[PDB]
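Note that we place each Cβ from the backbone using ideal geometry, even for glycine, and neighbour counts take in every protein chain shown. No value in this document is a laboratory result; all are computed from the given coordinates.
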There are 2 protein chains.
Amino acid sequence: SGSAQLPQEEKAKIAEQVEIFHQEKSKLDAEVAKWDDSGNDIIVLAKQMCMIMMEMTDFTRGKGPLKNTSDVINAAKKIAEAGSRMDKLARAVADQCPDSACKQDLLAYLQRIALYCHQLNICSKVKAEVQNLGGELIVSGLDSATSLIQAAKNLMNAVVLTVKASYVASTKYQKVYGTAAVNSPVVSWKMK
Amino acid sequence: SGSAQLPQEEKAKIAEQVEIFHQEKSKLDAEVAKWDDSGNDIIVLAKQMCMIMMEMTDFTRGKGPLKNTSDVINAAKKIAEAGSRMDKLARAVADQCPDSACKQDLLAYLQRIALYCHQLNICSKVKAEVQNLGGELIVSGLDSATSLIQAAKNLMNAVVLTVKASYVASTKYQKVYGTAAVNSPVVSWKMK
């Protein structure tokens, strides 16, 4: 034996946070659906980050390929690696951008991505523990899954904003320097 | 919120293992009650090991001064330090012993103490965790407290045997070499 289901209250709070997460995920799907991700690794990395975040939130609902805390920790580290790669590419977009306010916006969103990848790493431990409290041995940390989902939602939101700001910064470069700029855009935005 | 009581089944299995532990602890109390522990640090260390094991088993019943897993881990490390000190002293008793079979017995019980201190260190983590199993997020490891109590019971039993074998080895030294042996017994066994 040795196992028990989460209290029904906790299962309810989880399905509630997962719904909020799914609404942020829809924003990313809508944004990414416009573009052909050939020649745009920011889109590819965003889709990969999104897919892994879906695995992590599915874990909290008893779904998907992640079975234990170790898998969830490894998923968070993969998200962080992808965010590190998106960061390097979007930094080059921002450097190429001729508008200082679009550039600053984009760089600030990248710092948000770094912070939220780190916070997702922290929450991926989904810690439970026993403690001696109130004259009983109790199991604490049962709401850790909810912190995980909210950290995923925060990261999803920053990825959405970063993808949009990368597009905006790209169009400023082309508007100013033309489609005939000698240096090609770091990333291309072609419709689907 | 965030916390829940252990399933009543688990609370029952814990009170059952604690009872078995208490019977081994009684054997130590009976053995230690005979002796004045002045001049006998094997007795002192055994009492200290016993007292800390009582704190650890009390933790599983919602009693005593240990409140969280970190306290229980620290308690196990204190037990291991005391066992290391008892080991050095009882080794000197065994070295002084003129009967090779009592000496071997005693040294073998000391290796049992080392093994059971190590196993108690492992069990003191009393690990809980969530996992994605059977289409649900469940809490596993709720029987970890039972492994902790049994590891304490194993160590208690080896301490009882070690105290007895230290006494036996001491009396062989005095029987053979007399109360006028030029080298005094490593440890003294005086009645109370």
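Residues A:179, A:69, A:171, arranged from fewest to most other Cβ atoms within 10 angstrom of their Cβ, appear as A:179, A:171, A:69. What is the sum of charges around residue A:66, taking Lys and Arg as +1, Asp and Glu as -1, for the other residues whose C-beta is under 14 Å from the C-beta of residue A:66? Residues near residue A:66 contribute +1 overall.
In chain A, the DSSP-assigned H stretches of four residues or longer account for a calculated mean residue ellipticity at 222 nm of -24500 deg cm²/dmol, using -39500 (n - 2.57) per stretch and the full residue count as denominator. Under a model in which nothing but the beta-carbon of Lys, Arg (+1) and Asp, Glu (-1) is charged, the protein assembly as shown shows a dipole of about 640 debye around its Cα centre. Shape class of the stretch B:106-192 from the alpha-carbon gyration tensor: prolate, with a/c at 1.5 or above and a/b greater than b/c. With neighbours defined as other Cβ atoms within 10 Å of a residue's Cβ, the residues A:133, A:45, B:89, A:120 order from fewest to most as A:133, B:89, A:45, A:120. Relative to its residue count, the protein assembly as shown spans a Cα convex hull of 189 Å³ per residue. In the elastic network of chain B, a GNM with C-alpha springs shorter than 10 Å, the most mobile of B:176, B:139, B:160 is B:139.
Each semi-axis of the equivalent ellipsoid for chain A is √(5λ) with λ an eigenvalue of the Cα gyration tensor; in descending order they amount to 39, 15, 13 Å.
One chain, two ends: residue B:118 and residue B:9. Fully extended at 0.36 nm per residue, the span grows by 36.4 nm beyond their Cα-Cα distance. Label-point spacing at residue B:92 relative to the other copies reads 7.1 nm, in ascending order, each point sitting 7 Å out from Cα along Cα→Cβ. Measuring from the axis that maps chain B onto chain A, the chain B residue with the nearest beta carbon and its rounded distance in angstrom come out as B:128, 2.
If you find the alpha carbon centre of the stretch B:1-55 and of the stretch A:83-157, how far apart are they in angstrom? Distance between centres, Cα-based: 44 Å.
Suppose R0 equals 25 Å. What FRET efficiency, 1/(1 + (r/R0)^6) with r the Cβ-Cβ distance, do residue B:78 and residue B:33 give to the nearest 0.05? It comes to 0.60.
Each other copy places its own label point for residue A:168 at 8.3 nm from this one, sorted shortest first, where the point lies 7 Å along the Cα-to-beta carbon line. Between identical copies, the spacing of residue A:183 label points, each set 7 Å from Cα toward the C-beta atom, reads 8.3 nm from nearest to farthest. Selection among A:14, A:51, A:30 by position relative to the dipole of the stretch A:13-62 gives A:14 as farthest towards the positive end (Cβ unit charges, Cα centre).
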